[PDB]
Every structure is written in structure tokens, then in C-alpha cells.
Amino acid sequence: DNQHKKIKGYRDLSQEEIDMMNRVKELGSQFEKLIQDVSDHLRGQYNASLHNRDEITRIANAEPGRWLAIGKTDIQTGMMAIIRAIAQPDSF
């Protein structure tokens, strides 16, 4: 109960701040859907390329799954930074 008063640096948030944070998180959910769609595209591309040595090698060299994971991480940490800008903890 009222666990935020127990966590260092956290403060009481207004309804406006909570609403802005939730807007960030909902836009993030949309990005999650998009990233899942891209991952499905990559799976289908790899499948359609089976036993095409040159195209499989091209895909492997491009490393698209690693780049998608990098992008997902960046989107999530950007979300966290914006939410911190809104919520403004009282601590380092």
C-alpha cells in the first residue's frame, strides 16, 4: 500500500503526470506491435530463402535480428528516459 513512499526519490504524481506517462507507455505498446511485425517479416524472409546459399549468407551478414533487438532496446530506454522527464525522481 502506497509503495511509492517507500522507494527512494519517488514522489506523489498528479493525474496529469500519470496520464502523460501512460501516453508514453501506450505509444510504446504500438512500437512493440510494429517490432513483432518486423520479426515476423524476418522469419518469413529467412524461410522463403531456405536452400538459397547466397541469400541466406546475405541475411546472415546483415544480422537483421540483432539490429531489431538493438532497436527494441533503444525504444524501451527512450521511453524510460521520457517517463523520467515527466515523473522527476528526487534522487540520483
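Basically, rigid core = biggest C-alpha set you can superpose within 1.5 Å across the two forms. In case it trips you up, residue 1 is the first one in the sequence shown, and so on.
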Once the rigid core is lined up, would you tell me whether 82 to 90 or 2 to 10 has the higher RMS CA deviation in 7 other deposited structures of this protein?
2 to 10
Comparing average C-alpha B factors as deposited, tell me which of 25 to 33 and 50 to 58 sits higher.
50 to 58
Mean Cα B factor from the PDB record: higher for 9 to 17, or higher for 65 to 73?
9 to 17
Which third of the chain holds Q88 when residues are ordered by C-alpha B factor: lowest, middle or highest?
lowest
